[PDB]
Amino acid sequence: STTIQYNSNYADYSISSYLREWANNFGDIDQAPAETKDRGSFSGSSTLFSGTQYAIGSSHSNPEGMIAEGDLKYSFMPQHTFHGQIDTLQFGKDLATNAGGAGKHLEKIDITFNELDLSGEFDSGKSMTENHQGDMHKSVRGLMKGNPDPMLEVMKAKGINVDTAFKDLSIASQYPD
């Protein structure tokens, strides 16, 4: 089952209120110019467009960031679809690089989803419109564009209550203080 760990400073927030705050501050990646448009980084595999971790911070001089872990694949040219399976999804602030030999961490961890089972399939013979409708792609793309609604819809479809405060959510445990 999906469970959640949360920093006690967010005990009164819900998934919805937290992600709306996080996404507003992360901002829309597509409104950043190339020089500062940070498309994130993969680690965990010896190749460029896939990995066991994907980490991305705001392109708008704000500290918000998110980390996904799982079997993470990006189809690159020509359909640019994120697919595979996200097992862990973490939101917070202040991404920093781990020691080399590797990946990133959030210096301020706010919310972590454990065993999220957020997946998407890619079929090169389907259109870009259809491939972009996979749960993993639409939800992560939306967050990158400052829009938490697709991820919230995916979480509701998983039976996760996105309106309950973390302190009252039966699947959520506070991080120790």
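Each residue number is its position in the shown sequence, starting from 1.
If you average the CA temperature factors over each stretch, which comes out higher, 128 to 136 or 63 to 71? Per the deposited B-factors, the answer is 128 to 136.
With respect to the recorded C-alpha B factors, which stretch has the higher mean value, 51 to 59 or 117 to 125? Higher of the two, by average CA B-factor, is 117 to 125.
Compare the CA B factors listed in the entry for 152, 34, 111, 143 and report the winner. Answer, based on the entry's C-alpha B-factors: 34.
Going by what the PDB entry lists, where does residue 105 fall on CA B-factor within its chain: lowest, middle or highest third? Answer is lowest: the recorded C-alpha B-factor places it there.
Ranking the modelled residues of this chain by C-alpha B-factor as given in the entry, is residue 84 in the lowest, middle or highest third? Ranked within chain, residue 84 CA B lands in the middle tercile.
Within-chain third of residue 17 by Cα B-factor, per the entry: Within its chain, residue 17 is a middle-third residue by C-alpha B-factor, going by the deposited values.
Ranked by Cα temperature factor within the chain, is residue 161 in the lowest third, the middle third or the highest third? Middle third by C-alpha B-factor.
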